[PDB]
Structure formats: structure tokens, C-alpha cells
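A.B. asks: Residue numbers (this note's numbering), protein chains in the order written: chain A, 1 to 54; chain B, 1 to 352; chain C, 1 to 438; chain D, 1 to 425.
Think of the CB as a built atom: it goes at the ideal place given N, C-alpha and C, for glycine as much as any other residue.
Dumping the structure here so I can ask a few things about it.
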Amino acid sequence: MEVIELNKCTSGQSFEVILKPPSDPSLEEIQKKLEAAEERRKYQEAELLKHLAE
Amino acid sequence: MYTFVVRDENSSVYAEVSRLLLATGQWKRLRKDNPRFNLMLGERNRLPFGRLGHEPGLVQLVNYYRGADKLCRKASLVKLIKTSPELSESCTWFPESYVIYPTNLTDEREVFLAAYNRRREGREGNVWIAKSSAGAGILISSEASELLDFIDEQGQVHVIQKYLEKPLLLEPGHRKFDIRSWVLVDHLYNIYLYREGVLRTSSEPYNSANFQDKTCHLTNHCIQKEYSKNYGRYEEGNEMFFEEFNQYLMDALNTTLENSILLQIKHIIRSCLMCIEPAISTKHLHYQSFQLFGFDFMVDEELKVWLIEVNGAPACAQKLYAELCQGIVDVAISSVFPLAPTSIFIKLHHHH
Amino acid sequence: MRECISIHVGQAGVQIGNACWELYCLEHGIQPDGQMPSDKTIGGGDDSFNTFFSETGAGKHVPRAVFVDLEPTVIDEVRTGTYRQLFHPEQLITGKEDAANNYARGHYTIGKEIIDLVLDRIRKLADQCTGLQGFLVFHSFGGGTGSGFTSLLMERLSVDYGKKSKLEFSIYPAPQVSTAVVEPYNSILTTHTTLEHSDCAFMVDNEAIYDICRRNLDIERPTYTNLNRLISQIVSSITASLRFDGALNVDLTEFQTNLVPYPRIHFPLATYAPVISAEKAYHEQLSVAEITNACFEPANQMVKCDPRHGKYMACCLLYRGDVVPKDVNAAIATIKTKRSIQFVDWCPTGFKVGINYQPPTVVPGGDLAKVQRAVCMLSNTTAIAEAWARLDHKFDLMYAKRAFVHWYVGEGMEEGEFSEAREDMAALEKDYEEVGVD
Amino acid sequence: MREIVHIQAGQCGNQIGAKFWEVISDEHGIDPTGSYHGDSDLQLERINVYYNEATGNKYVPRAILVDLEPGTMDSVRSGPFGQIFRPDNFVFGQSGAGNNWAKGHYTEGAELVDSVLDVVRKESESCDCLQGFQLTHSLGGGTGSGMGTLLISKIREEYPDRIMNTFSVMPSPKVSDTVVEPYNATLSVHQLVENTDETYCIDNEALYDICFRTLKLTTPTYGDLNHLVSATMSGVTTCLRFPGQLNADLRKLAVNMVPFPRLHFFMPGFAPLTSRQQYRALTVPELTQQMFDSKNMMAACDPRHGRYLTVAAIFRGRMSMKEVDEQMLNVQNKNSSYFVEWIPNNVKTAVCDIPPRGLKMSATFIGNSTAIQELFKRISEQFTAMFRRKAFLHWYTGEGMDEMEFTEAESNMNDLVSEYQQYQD
Ligand SMILES: Nc1nc2c(ncn2[C@@H]2O[C@H](COP(=O)(O)OP(=O)(O)OP(=O)(O)O)[C@@H](O)[C@H]2O)c(=O)[nH]1
Ligand SMILES: Nc1ncnc2c1ncn2[C@@H]1O[C@H](COP(=O)(O)OP(=O)(O)CP(=O)(O)O)[C@@H](O)[C@H]1O
Ligand SMILES: Nc1nc2c(ncn2[C@@H]2O[C@H](COP(=O)(O)OP(=O)(O)O)[C@@H](O)[C@H]2O)c(=O)[nH]1
Ligand SMILES: CC(=O)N1c2ccccc2CC[C@@H]1C
Ligand SMILES: [Ca+2]
Ligand SMILES: [Ca+2]
Ligand SMILES: [Ca+2]
Ligand SMILES: [Mg+2]
Ligand SMILES: [Mg+2]
Ligand SMILES: [Mg+2]
């Protein structure tokens, strides 16, 4: 039951107690993810329009 | 109209509870995966406790205490008794035990040999028994070499504890036996002890000069019915009930079952359950738990009671299924989900 | 002095942000018009509160925040509310049609069209920082914006601000205060794409806040206002170190160092007490031991779960009020002899403790009463995995039937991003079980 | 600003739509000439969802009245609130549809469709942000059914990313104008399966049986049936017309109610439903036992014959919202055998403080149940009974249709029933 690193200032204090010792994607790759799904939306919408034209 | 689900088809006990719940015309069973239930009869292993108590408007009860395995595992129990100051290593009613890991994997090998070498030097009876939770697989021998060598031949955790070389023997017969008591614990954590217990006796005369044959030393119900040739001679199904066993104690030793053995059993049940109360209590939890327990005791010729193990998913005696199960609904289920005596239990009062 | 920029995303984030800056202002003595009398350095200064506020030549203290919502209705309350004079209009960004509780819509469809705009407004707050520490991102799991657009923002923030730390305040979905059925899907989607981009995240389970309001505050049917005024108290205690003089958790880096030895397992469990209803005539003021002891009760946890069946990896105690070190250790001893605290064998069994002498501030006419001392305990327990386990299960029940999947594919997301996300939670659950159970 | 564009087509379409605007116009305090005279600001909070704002603080419904004959729309323009509608929004022809789907969809309707869309375009162009559309109409006739579905197929072509909602009256032989209603209905169903996000199915037999049995009317009239649909239409559109923590959006409600693109046919319900013992106040439990009772549902399908995919209940009035929650949970937890277990928390509740005209409180039910298959089963049965003998086909083949198209409409609906069946097990 030890207490260490006791810091005291005007608005409070902090310390440490020890009971027992121990034992990314780039800007280019995100723009492609976004535009890839924007394409699968354009394809699906195109197939809907084609269906409506038929 | 309460609802419940079933997740353990191999539970002989709660199979009757489900039958009585439906017989009351006030409970309704659901599919084993529907999460809208009041009561769960959960599976033995890997019960998803984390998923209970999160359905708005439903008070949920389950028939297993999360953490009870600390008390129903051969290894965990030993570690619990030695490490918990409520029991201490000096616990008087639990045989001197040690947790031994196979050499193909803490471990108390060296500590065990010390107490073993001390006994061999003191001319004391030095017979030990090895067992594990993964057994149907037990070995009783007087040599430490055979015990340790037998554990290394397996691949799971084992425990070696002092074999009680002076077990109380019933007469006529000169045979061993163990006592099984059923104890119920409800959501409030009241400890009810079923007034009816059983003694699973051995039909073979005890023989302390031949631990090779393990039919007169093991009082289990499956070993006496498969490897014993005097099955059912003295009592039906190698099961003597507290009414007959009480008379025997009166006719022979001039004493009652209550005084000679029951008091110690009631103290062992209390001590074990009070110990782990702060760790498994559902008092301030989002759901409620209750679990049936089957303690297995040994009785020596000094009329001292020893704790063998605690079964977390025990089976009942054929004659006591009705009375007990009906009582499970009375004190455990309906006590939370009431319906529209002379209790069959002995309440073991304690401080929470 | 090092600044911290807060980002509020979606209805949940925006409203919760509304209740945090209201509280910050009541704490730091800032008025609704942005004026601060105690601040003697007019239009300048590197004080502790300056980590969250900037200053103009006219003495205005302006929060370092950015509100973002794909729908104007929720942020519009901010522009006309009581604190309309704190933010200039650029800090409040709004679309015209929300994400309809659809992660795909918030991340891909609508997110793409507004991401560059958000980053630019943030780039403006960043240019004012002499040493930006990182970001605090408030948002919900269930919302389509709070889940879909947050992960997209997190991805970009890790690209435009590589070395900066990112903390989340995430709202876990609870059926008692939600009319959305697909929130499990969004939660798992966002946790998968955000994981690698968040250094530490504080989950708040709405089910836990709901019950804390019903049990302690006697609010039969609580509103978001009740839930948010309470959530902001926890947020205030968790950020106090950054806004006040002190030594513990002095910058965002210290949250990972003190609470996250394993990066993926960056979800600490918050606990708070006491929560006392202001409708009570007067209450017996709790001591340090009683309020600390309460930190080990399930009823006071931001996420319902059983910590008795896990293993702690780290632990902080943040006290506010009449608290001295002697009383803290006193209660700690008393508790290490009654409770069930199982630490992991590769981490010390120690507690870092911080104390701020200013007691918790309460909103006038609020639901919380004024107390003289209170504590907030941040503990990284494997027990919080129960949260993931519940959510993951609900995900599996619907995905087995592909229910509601079409609403996501129709916005440009491939069906594989589901099982991939789910296989990442199965991995996350495994790491918790490899660290906790024997 | 999330505006909706209302469209009502055909005789049934316009008469039902008429009373709809008569009902909500009264709830939002709009008089027959379009002047606001309410007393609560809640009436105007979301008023622009169904009303445009003209000069002099005048509110003009965002509605488009369509029919192939002038008869019905003449009556609306001279009805109670007839003057309130935009004069230009009356688009009609003189040929009539002869209760023929082919005429509404291919010949007569085709000649008039482009002009209707010209008006829709004018209304959308003025919408700040258009939520989507909603169309009232029947499926047994020729205009609302034949030209109605034609309108949707063209509105979806021009606004493919807007929500398409409809209130569709289904034909029953017990309330039949002509024997070809099964033909017209089967043809319309296939269109709605493809080009609508939500369809409130209303069975004229349920409406009748509610009027004869529950309301105790010795002789019901189409007017009587329409009052119900009025109140039911007002009920389901409360989330959209009044403020609340719900944040109701047509696309949000669709995302939360439609787990599969083709199973978007809902059973609506209303409560109370009292005969004239009419001033008795209704407790919260009573609203809920009735709201889930089949006799208060208008699809003529016994929910106990299927399972609920999702349920959305709305409560109106100054009641204990705590008591509301407890009662909904009671109904769920007492019959969890009718809610699929593979969609967690598939029942949602919304509250609204403004009750309908002349009621302290009320509840509206919107269920996405598989028992709706019984509806399409009846139609498919009535259909084949005639199509197997090619009976009455000449009315249609004369308008250019082939028998092949009929056999397709048949299979398309039998598939729709099979789809509703696999999710019930
Ligand atoms: N604690 C708390 N939770 C909230 C609040 N607002 C919404 N939520 C929760 O957030 C979840 C829904 O997410 P929202 O924040 O509404 O979604 P969103 O970010 O606006 O995204 P959209 O779908 O586009 O509207 C629900 O589970 C709500 O309970 C709030 O103010 N406080
Ligand atoms: N230390 C010891 N001294 C004396 N007998 C012992 C003993 N350890 C075990 N036994 C014998 O073994 C039997 C109990 O075995 P144990 O309970 O460990 O295995 P098990 O758990 O598979 C049987 P069950 O759980 O069904 O009661 C008792 O009948 C007892 O006679
Ligand atoms: N509820 C209701 N149903 C109607 C009404 N008028 C017609 N119907 C039903 O609609 C079907 C006939 O459709 P109709 O309105 O004539 O279509 P139209 O050709 O577009 O005019 C029949 O099944 C009628 O039962 C009405 O006023 N109310
Ligand atoms: C003509 C009419 O009003 N209806 C109708 C229409 C067609 C067939 C029967 C009926 C009976 C009453 C019902 C309300
Ligand atoms: Ca200053
Ligand atoms: Ca990073
Ligand atoms: Ca013509
Ligand atoms: Mg056993
Ligand atoms: Mg929103
Ligand atoms: Mg007609």
C-alpha cells in the first residue's frame, strides 16, 4: 500500500497508489472507397431506369 | 401468464419443473432462442449471462449463479478454500488437498511431496486419491510415484487429496458410503436445505489392503451398479434415506443424525455459501439467480464430516423428485412470479 | 497550453454537446453572451480553460467546437437557444435530409458530399491552435449520421491530423429510448471502421442512463434533457483535468497511456456517484468511502454489466469536491477487503487518483442536486465485453435473414462489409476473452 | 422543411382524399377558405409538410386531384372544403375509365398522364426538400388503379430517390361495384410490389364489417367507410404533422418498417371505435386491447393467422406516457408467439399530445404482418376463378392487352404470397 507521485496545486492534487507489483488508409484510398460505392449506386439506378424504359 | 424457455434438455431435475409449471395453467414455454422470457432453464456450460436483464419491462430469473463454478470445480474449489480467509488453509472439514497440473502444460507439486514425505516418515497412513472434473477416472494408491505418474498420463487439471483411510462403515456389511444433501439458494440468497438427504452406499465390504480394486472405495451410483456384484442387497438402489439412517445411528451408536452429522453438514453448507456471497449475489443486479446444489460429504469413524465436492448440476434421488421439485417452485420461482406447509426445507439463517 | 477541439455528430452528439458546453460555461463562469469576468487576460491568455475556449478582442470566450448534422432541425435549436451567442455560425453545419438511420447513407451517399466541408471548418479551428492535442468526438451508435458519418470523419482525421489523438463519447443503443430497429447494424458497422482510428472511447449505455434517472431521480418517463444533463456530468468529470489546473490526465495522450495498454481494447467503463435527486428536501451527505464504495455497484455504471467477472487492465479515480488523499486510501483499503477485484497478471494492481477541489456544478432548475464531493471511476474491465456480446447477438439474429440489408446495399455498400464488420467484432470479443478468462 | 406531395386518383381516391384533407385541415386549424384559426403553435410547427403557404397567411394543401371523368372532382370542388384546393391542381378528362385497369394504364390514362406530372413537377420545384409522395386510390376500379399505378411508375422515373407512399383500398366481393375488381386489383398489386416503399392496405370488407358489427349501422354507405379511412389516414400521418422527439421521416419510417423490399404492405388499425355509450372515457389498457384486436384492423386479416414483422403504434392525447409503455410491453410479452423472434424490439411507440377532433385520446396501429398474405390469397383466388375461363377478358384485350400479361400478374402475386409464407415459419 504505497503512495507515489503526489502533485499538489491550488485546485487539487493527484497521486498514484500501488497495491501489488505486476507479474491506415491514405487520402487516395478513401476517395476510392467513396467513389466505388457511388458507382454501384449509378449502376443500380441505371438498371432501374433501363427497367422503366422497357 | 409467465413465460420460460428451456436450454438444457438433459436436466432431469428441471424437466419436472417444466412439467409442473405447465400443470398450473399459469406458465407458458417458449422456443429455446426467444429472448422474451421471465425464467430461463439455462445450459450447463457457457450460459450467456451477459444477455440477461436487458428486456424492458421483464423481470428475468435464471437457474444458475454466475461464478458458482468456483465452488463446483475440483480445482477451483481447492483454490477457493486455501485462498479465501473465510475458510483458510486450516479449514477443518475439507481434506488436505493439492492442485496438480500435468507436466505437459499455480501448481502445488512440491508442496504435496512435502506433506507426503512427512507422513511416510511419521508412520502415518499415507494413502492418497487422485481425481479430476473430466472423469466419468480415479486412482487410489499409497505410492506418490503412481499418483503423479497417473496424472501425467492425462491432459487436464487434477487434484490429489488425502484418502480418508478410516471411513465409517455401516453394519451389517462393513461398507463405505457418502452423503448427498440438496441445498437451494433463492434470489434473496436464503439458504434452504432439503430436509431429505440420501446415502449412496457401497454394497462391497471395505478393504484397506487393496486399493487396486476400486469398487468398495468409490460410492458413486454408476460404479456400484456396473462393477459391484452385491448391488441392492442391503438397501434398494444403494440409497439409504435419513429416516432409516437415523434409526441405525440410534440402534448402534446411541445418537441422532441431527446431532452427529447434520449439524456439521449445515455448517459446511453455510460456510461455503457465505464465502462466495459477495461475488455471486444478484441483490443489486439487473437480473436474478437461483441454483440447486448437491453437496457430497464423507463420514469417518470418529463421526467427523468431510466435504468431498459440490455438484453444480446434480441429479436427485428418484424418490425425492416430486417433493423437492414442487418446493423449488414454491420458494424459488413463485416467490418472484406468484401464482393466483410445513416447508420441506431447513432455512440456514446467516448475515448477508 | 494545448487546445482540444470537440466534434459533435448527429442528434445525440449535438444535444449532448449542448448539455456539456452549458455545463462548462456554468463551471468556468462563462455567461451566455461569451463574456467571462474572472478572465483578466482580455482577448488572450493560455489558461487551463483555454484548452476548450478561444478569445476575441471583445472579450468573448468561444468554444473550440464543431456541430455537424445531416438535418437542420436539431442544430437549429442551438442557433436560437440560450447559448446562441457562444458559437459563430460557421461552427454549426447542417444538411437538408438526414441519413434515415442508415449507416450507408451517412458514410457513403450523403457523407461524401459534405466531408470536405466539415474538414475545412475544422481546419479553421485548428489554425487557431498553437499546439492541438487531439479531438473529442461525441456521437451515437444507432443514428445513421452518428454511425455512418463519424467513421468517415474519423478516417479523414487520421489522414489530415496523423499524430493527434482522438477520443470518442459513443451512445450505446437502448430500446427504451429508440424508435429505430436497425441500430445494431449501424453500431457494428461504425465500430469496425472506427476502431483503428480511435485511441480511447467512452461508451454510455442509454439503458444505464435511463435507469439511473428512474431510480435515483424518480423520473417516471425521462426525456433526452434528463439523460443529457446527466451524461454531461460524467463528461465534465472526464474532461475536468484538461480544463483545470492539475497533474493527472493533463492532455489527451494521458488517456491512452493510463487506460489502454492494448490498442483495440480501448473501451473503458465509466462509473459515477452520487446521483441525488434535487426534489429531495435534504440528503445525508455521503463521505469519501461511501461514494467510492458506490463505484463498485452495477447501478452506477454507464454500461450495465458485472465487473466482478472480468479482469481490470487499468483504473483511474477522479474526485471533485471536499476530498483529501488520506480519505481516498482509507476507503480503498476498506474496499480491497470486501469486493471482487481481479487484475490481469501483466498490469500493476494500482489506482491513479486525481482530485479537483471545485465540487460538481449543477444546472439551475436541473434534475441533479448539489453535492459536496463526487467521484468518477474509469476502469478498463473485460466485463464490458458483455455489451459487445449483447449487440453482436442482435446483429446475428437479423443478418441470418438478411433483414433490412437492402436499405444498405441500395446506398452503395456491398453486402460483404457486413460479415467483415461482424468478423471484426468476433475478433474483438475474442481478445477480451483471451485477456480475462483463465 | 420536409414537404410531402399528395396525389388522389379516381372516384374512391378523391372521395377518401377529400375527407382526409377535411380531417387534418380541422386539426391544423385551417378553415374551408385556407385561413388559420387555431389556438396552439403546435398546429403550425410542421404545417408545411402537407400545406403550401400563399399570400395573406393562406395555407393551400399540396394536393393534386386526378380522375378520368369530371363527376367526382366536380363534387369535391363543391364539397365542404372544396374551395381550399388549388384550382390548377384539378387535372381530369372526360372519357372515364369504365372501371377498366387497361384504360387507366394504357389508353385513356396515357393520354392524360403527362399533364398530371406537369403539375407534380410544379409542386416539387417549390419544395425546399421533398420527402416523397403519397397516393390515395382504390385498386378495383380503372382510374385510381390503372392510371394510379401508371403515375407511380412515372413519378419513380423522375424522382427515383424519393419515398412513394400509398393508401390502397382493396376490393371485396361483398362490397363490389363490378366483377372485374379482381382483375384490376391483381394488376395493380404487381406495380406496387415494385414501385412503392409503403402501402397501407385497406379492405372495404373490413371497413364494412366494422361499420355493421362494431359501429352498429344498419346500412353503411361509402361515406361511412370513408370516415374511417379519414381518421386512419390522420392517425398514421401524426408522426409527420406534429412535433415530437420521434423525428419522423418517410425514409426513416420505411427503413424501420420494411425489412425486405417487397414486403411493404401494412395493416392499419384505429381505436377507439364506439357506437352511439360514446362519451365514456377510455383508459390506456382499453386503447391497447382494441388496437391489437383484429376487429379494429382494416385489412380483413386475422393477425393470429400470421406473424408481425414490425409494429408501429402512435398514441394521441394527454395520457400517462409511462402507462403507455407498460401497456405496450404487456401486449408484446403476452403474445410473443405472433412477433418474429429474429428482429429484436420490432414494436415501437410514439406519443403525441394533440388528440383527434372529438376525442380525449386515441391510438393508431400500423402493422407489417405476414397475415396480409390472406389478403392477396383472396384476390388471387377470385382472379383465377375467372381467368381460367377467360371470362371478361375481352374488355382488356380490346384495349391492347395480351393474355400473357395476365398470366404474369398472376404469377407475380402467387410469388408474393410464397414470399410472405417462408417468413411466417
Ligand atoms: N443519450 C442520448 N441519446 C440520444 C439523444 N438523441 C438521440 N439519441 C439516441 O441516438 C440513437 C439514434 O441516433 P440519432 O442521434 O438520433 O441519429 P442521427 O445522428 O441524427 O442520424 P440520422 O439517422 O441521420 O438522424 C437512439 O438510440 C437514441 O436513443 C440524446 O440527446 N441523448
Ligand atoms: N479423499 C477422499 N477420501 C475418501 N473417499 C473419497 C475421497 N475422494 C473421493 N472419494 C470417493 O469418491 C466418491 C466421490 O468422487 P467425486 O465426487 O470426486 O467424483 P464425481 O464428482 O465424478 C462423483 P459425483 O459428482 O456424482 O458425486 C465418493 O463416494 C468417495 O467415497
Ligand atoms: N372506401 C371506399 N371505397 C370505394 C369508394 N368508391 C369506390 N370504392 C371502391 O373502389 C372500387 C372501385 O374503384 P373506383 O373508385 O370506381 O375507381 P376509379 O375508376 O378510379 O373511379 C370498388 O371496389 C369500390 O368498392 C369510396 O368512396 N370509399
Ligand atoms: C353503395 C354503397 O354505399 N356500398 C356498397 C357498394 C357496392 C356493393 C354493396 C354496397 C353496400 C354498402 C356500401 C357502403
Ligand atoms: Ca484569458
Ligand atoms: Ca491514428
Ligand atoms: Ca382520346
Ligand atoms: Mg463431478
Ligand atoms: Mg437525425
Ligand atoms: Mg366508380
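Is D:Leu225 a contact residue of ligand 4, with contact defined as CB to any heavy atom under 7 Å?
C.D. replies: The residue labelled residue 225 of chain D in the question sits at position 225 within the fourth sequence. For ligand 4, at least one heavy atom lies less than 7 Å from the Cβ of D:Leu225.
A.B. asks: Would you say the beta carbon of C:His197 comes nearer than 7 Å to a heavy atom of ligand 6?
C.D. replies: Taking the first residue of the third sequence as position 1, residue 197 of chain C is located at position 197. Yes; taking the cut-off as 7 Å, the Cβ of C:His197 has a heavy atom of ligand 6 nearer than that.
A.B. asks: Nearest-angstrom Cα distance between A:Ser23 and C:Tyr262?
C.D. replies: Within the first sequence, numbered from 1, the residue matching residue 23 of chain A stands at position 23. Within the third sequence, numbered from 1, the residue matching residue 262 of chain C stands at position 262. Looking at the two C-alpha atoms, the distance is approximately 17 Å.
A.B. asks: Indicate whether D:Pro285 and D:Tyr338 have their beta-carbon atoms separated by less than 8 Å.
C.D. replies: Sequence index remark: in the fourth sequence, residue 285 of chain D carries index 285 (1-based). Sequence index remark: in the fourth sequence, residue 338 of chain D carries index 338 (1-based). Taking 8 Å as the Cβ cut-off, D:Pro285 and D:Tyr338 do not qualify as a contacting pair.
A.B. asks: Near ligand 7, which residues have their beta-carbon less than 7 Å from any of its heavy atoms, given in chain order?
C.D. replies: D:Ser95, D:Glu108 and D:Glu111
A.B. asks: From what residue to what residue does the alpha helix (DSSP H) around D:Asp67 run?
C.D. replies: The residue you call residue 67 of chain D lines up with position 67 of the fourth sequence. Here D:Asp67 belongs to no alpha helix (DSSP H); instead the beta strand (DSSP E) covers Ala63 to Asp67.
A.B. asks: Have a look at D:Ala385 and D:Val60 and give me their C-alpha separation to the nearest angstrom.
C.D. replies: Residue 385 of chain D sits at position 385 when you count from the first residue of the fourth sequence. Residue 60 of chain D sits at position 60 when you count from the first residue of the fourth sequence. Roughly 46 Å between the two C-alpha positions.
A.B. asks: Examine ligand 5 and report whether any of its heavy atoms sits within less than 7 Å of the Cβ of C:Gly45.
C.D. replies: For the purposes of this step, residue 45 of chain C is identified with residue 45 of the third sequence, where counting begins at 1. Yes.
A.B. asks: Output, in chain order, the set of chain F residues within a Cβ distance shorter than 7 Å of D:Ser411.
C.D. replies: Judged by its chain identifiers, the structure shown contains no chain F, and its protein chains are A, B, C and D.
A.B. asks: Shorter than 8 Å from the beta carbon of C:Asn249 to some beta carbon of chain D?
C.D. replies: As a first step, residue 249 of chain C must be located in the third sequence, where it is residue number 249. It does not; no Cβ of chain D falls within 8 Å.
A.B. asks: Between which two residues does the alpha helix (DSSP H) holding C:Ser379 run?
C.D. replies: If you number the third sequence from 1, residue 379 of chain C lands on position 379. Looking at the DSSP string, C:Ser379 is not in any alpha helix (DSSP H); the run it does join, the beta strand (DSSP E), is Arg373 to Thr381.
A.B. asks: For C:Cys295, which of helix, strand or coil comes out of DSSP?
C.D. replies: Locating residue 295 of chain C in the third sequence gives position 295, counting from the first residue. Looking at C:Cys295 - three-state DSSP - the assignment turns out to be coil, as it is neither helix nor strand.
A.B. asks: In its own chain, which residues sit with a C-beta less than 6 Å from the C-beta of B:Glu301, not counting the 5 before and 5 after it?
C.D. replies: Taking the first residue of the second sequence as 1, we reach residue 301 of chain B at position 301. Correct list, in chain order: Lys166 and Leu168.
A.B. asks: Enumerate in chain order the residues of its own chain whose CB-to-CB distance from C:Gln301 is below 7 Å, with the five nearest sequence positions on each side excluded.
C.D. replies: As a first step, residue 301 of chain C is located in the third sequence; it is residue number 301 there, counting from the start. Excluding sequence neighbours, C:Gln301 sits near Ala208, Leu269 and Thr271.
A.B. asks: Is D:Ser230 near ligand 4 - that is, is its Cβ less than 7 Å away from at least one heavy atom of it?
C.D. replies: Counting from one through the fourth sequence, the residue named residue 230 of chain D turns up at place 230. No.
A.B. asks: May I ask you to report which of helix, strand or coil DSSP gives B:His267?
C.D. replies: What you label residue 267 of chain B is simply residue 267 of the second sequence in a count that begins at 1. In the structure shown, B:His267 sits in a helix (DSSP, three-state: H, G or I).
A.B. asks: Do D:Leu309 and D:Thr370 come within 8 Å of each other at the CB atom, strictly closer than that value?
C.D. replies: Taking the first residue of the fourth sequence as position 1, residue 370 of chain D is located at position 370. Taking the first residue of the fourth sequence as position 1, residue 309 of chain D is located at position 309. A contact, by the Cβ cut-off of 8 Å.
A.B. asks: Please say whether B:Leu147 and B:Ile160 have beta carbons closer to each other than 8 Å?
C.D. replies: Residue numbering aside, residue 160 of chain B sits at position 160 when the second sequence is read from its first letter. Residue numbering aside, residue 147 of chain B sits at position 147 when the second sequence is read from its first letter. Between B:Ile160 and B:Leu147, the C-beta gap is smaller than 8 Å, which places the two residues in contact.
A.B. asks: Helix, strand or coil: how does DSSP classify B:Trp128 here?
C.D. replies: For the purposes of this step, residue 128 of chain B is taken as residue 128 along the second sequence, with counting starting at 1. Looking at B:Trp128 - three-state DSSP - the assignment turns out to be strand.
A.B. asks: Report whether the distance from the Cβ of C:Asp327 to the nearest heavy atom of ligand 5 is below 7 Å.
C.D. replies: Within the third sequence, residue 327 of chain C is the residue found at index 327, counting from 1. For ligand 5, not one heavy atom lies less than 7 Å from the Cβ of C:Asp327.
A.B. asks: If you draw a straight line from the C-alpha of B:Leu87 to the C-alpha of B:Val111, how long is it?
C.D. replies: Position 87 of the second sequence holds residue 87 of chain B. Position 111 of the second sequence holds residue 111 of chain B. Going from the Cα of B:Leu87 to the Cα of B:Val111 covers about 19 Å.
A.B. asks: Taking C-beta to C-beta, are B:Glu235 and B:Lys74 nearer than 8 Å?
C.D. replies: Taking the second sequence and counting its residues from 1, the one referred to as residue 235 of chain B is at position 235. Taking the second sequence and counting its residues from 1, the one referred to as residue 74 of chain B is at position 74. Going by C-beta atoms, B:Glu235 is not nearer than 8 Å to B:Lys74.
A.B. asks: Can you tell me the Cα-Cα spacing of D:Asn333 and B:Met40, whole angstroms?
C.D. replies: Your numbering for residue 333 of chain D matches position 333 in the fourth sequence. Your numbering for residue 40 of chain B matches position 40 in the second sequence. Those two C-alpha atoms are separated by around 15 Å.
A.B. asks: Would you call the region 414-432 of chain C and the region 14-33 of chain D touching, i.e. three or more CB-CB distances under 8 Å?
C.D. replies: no
A.B. asks: Looking at C-alpha atoms only, which residue of B:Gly67, B:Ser203, B:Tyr192 and B:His158 is the closest neighbour of B:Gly173?
C.D. replies: Residue 173 of chain B sits at position 173 when you count from the first residue of the second sequence. That would be B:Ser203, whose Cα lies nearest to the Cα of B:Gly173.
A.B. asks: Determine the extent of the beta strand (DSSP E) in which B:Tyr2 is found, giving its start and end residues.
C.D. replies: On the second sequence, position 2 is the one that residue 2 of chain B refers to. Per DSSP, B:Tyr2 belongs to the beta strand (DSSP E) from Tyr2 to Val6.
A.B. asks: Use the C-beta contact count for D:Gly56: other C-beta atoms within 10 angstroms, 16 or more gives buried, fewer gives exposed.
C.D. replies: What you label residue 56 of chain D is simply residue 56 of the fourth sequence in a count that begins at 1. D:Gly56 comes out exposed.
A.B. asks: Assuming C:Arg2 contacts C:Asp251 (C-beta within less than 8 Å), just tell me the rounded distance between them.
C.D. replies: Taking the first residue of the third sequence as position 1, residue 2 of chain C is located at position 2. Taking the first residue of the third sequence as position 1, residue 251 of chain C is located at position 251. Their Cβ separation, rounded to whole angstroms, is 6 Å, which keeps C:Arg2 and C:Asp251 in contact under 8 Å.
A.B. asks: Would you tell me roughly how many angstroms separate the C-alpha atoms of D:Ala97 and D:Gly109, rounded to the nearest one?
C.D. replies: What you label residue 97 of chain D is simply residue 97 of the fourth sequence in a count that begins at 1. What you label residue 109 of chain D is simply residue 109 of the fourth sequence in a count that begins at 1. Rounded to the nearest angstrom, the two C-alpha atoms are 8 Å apart.
A.B. asks: Quick one, which of B:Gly42, B:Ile261, B:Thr256 and B:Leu303 has its alpha-carbon nearest B:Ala313's?
C.D. replies: Translated into the one-based positions of the second sequence, residue 313 of chain B becomes position 313. Checked all of B:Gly42, B:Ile261, B:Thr256 and B:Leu303; the closest Cα to B:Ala313 is B:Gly42.
A.B. asks: State the start and end residues of the unbroken alpha helix (DSSP H) segment that holds C:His192.
C.D. replies: The residue given as residue 192 of chain C occupies position 192 in the third sequence. Start and end: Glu183 to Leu195.
A.B. asks: Taking B:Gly57 as the query, report the chain D residues whose CB atoms sit under 9 Å from its CB, ordered along the chain.
C.D. replies: In the second sequence, residue 57 of chain B corresponds to position 57, counting from 1. The contacting residues are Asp325, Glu326, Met328, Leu329, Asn330, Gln332 and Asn333.
A.B. asks: Who sits around ligand 8, taking every residue whose Cβ is closer than 7 Å to one of its heavy atoms?
C.D. replies: B:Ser133, B:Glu309 and B:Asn311
A.B. asks: CB-CB under 7 Å to D:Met321, same chain, minus the five flanking residues each way: which ones, in chain order?
C.D. replies: Residue mapping note: residue 321 of chain D aligns to position 321 of the fourth sequence, counting from 1. Closer than 7 Å at the Cβ level, and outside the excluded window around D:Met321, lie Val351.
A.B. asks: With a threshold of 8 Å, are at least 3 pairs of Cβ atoms found where one atom belongs to the region 171-189 of chain D and the other to the region 126-145 of chain D?
C.D. replies: yes
A.B. asks: Using 10 angstroms around the beta-carbon of B:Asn254, count the other beta-carbons present and answer buried if the total reaches 16, otherwise exposed.
C.D. replies: What you label residue 254 of chain B is simply residue 254 of the second sequence in a count that begins at 1. It is exposed - the Cβ of B:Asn254 has fewer than 16 other Cβ atoms within 10 Å.
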